[PDB]
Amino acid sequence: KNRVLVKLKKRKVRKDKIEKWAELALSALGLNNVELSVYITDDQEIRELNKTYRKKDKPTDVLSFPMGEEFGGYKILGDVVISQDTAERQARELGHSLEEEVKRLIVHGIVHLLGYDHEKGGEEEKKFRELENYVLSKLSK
């Protein structure tokens, strides 16, 4: 169906669970024949990424990097990179499990990868959140 490539530098959450959430999200989104990479790393690595790609010298929870190259119908969507370190702190602050936070961050990252951004606010945030909520509902059910 889709090719989900999961790479873990940090390993508190099972690889197969991350793979399954990602596959279920892609399926809820109706996508077929695409490639998605998910990387679970630490605060130091995500910080270098944030600095290099967003000019923000600090750690964060998730970053998404679009690629987009196509090979006869197969399309590479790109990468979602999540910091376990930050995810753990947020999970602590929000009162839920690390798994729940990682799952939510995967969905958040995928929606960004499809070209929605909530930071604008207004209509875009509206559409971003409706899509994210829909996907989450599909992973709950």
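When you see a residue number, it is the position in the sequence shown, counting from 1.
44 to 52 and 112 to 120 differ in mean CA B-factor, and the higher of the two is recorded for 112 to 120. Residue 75 sits in the lowest third of its chain by CA B factor, as recorded in the PDB entry. Among the modelled residues of its chain, residue 36 has a C-alpha B-factor that falls in the middle third according to the deposited record.
Among the modelled residues of its chain, residue 11 has a C-alpha B-factor that falls in the lowest third, as given in the PDB entry. Among all modelled residues in its chain, residue 57 ranks in the highest third by Cα B-factor.
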